[PDB]
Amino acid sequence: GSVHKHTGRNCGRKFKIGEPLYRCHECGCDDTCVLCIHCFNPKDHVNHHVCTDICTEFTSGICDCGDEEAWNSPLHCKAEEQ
């Protein structure tokens, strides 16, 4: 897979139509806190309650990975791995 890391800053990537927005009940500050396909690390959320929403004309936004206000726990962005 190809990767473009956002290290030392937030992701902020705008979801493309059709993509999942991931939320985690445990990690999210609230229900508007979301991660993109590039960032969501399944390892961070094994014992967690995760839901996806799907990007449409009316459901969109930007990825909160790297924005510390959005998360209760340290996230390990998927893009940073190898």
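Throughout, rigid core stands for the largest set of C-alpha atoms superposing within 1.5 Å between the two forms. In case it trips you up, residue 1 is the first one in the sequence shown, and so on.
Chemist: Is the larger C-alpha RMS shift in 8 other deposited structures of this protein, relative to this form with the rigid core superposed, found in 21 to 29 or in 55 to 63?
Modeler: When 21 to 29 and 55 to 63 are compared in 8 other deposited structures of this protein, 55 to 63 lies farther out.
Chemist: Could you place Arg23 in the lowest, middle or highest third of its chain by Cα temperature factor, using the values in the record?
Modeler: Tercile = lowest for this residue's CA B-factor.
Chemist: Looking at the temperature factor on the CA atom of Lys16, which third of the chain's modelled residues does it land in?
Modeler: Within its chain, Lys16 is a highest-third residue by C-alpha B-factor, going by the deposited values.
Chemist: Using the temperature factors of the C-alpha atoms in this entry, rank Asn10 within its chain: lowest, middle or highest third.
Modeler: Its C-alpha B-factor, which the entry lists for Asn10, ranks in the lowest third among residues of this chain.
Chemist: Pull the Cα B-factor of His45 out of the PDB entry and bin it into the chain's lowest, middle or highest third.
Modeler: It falls in the top third of the chain.
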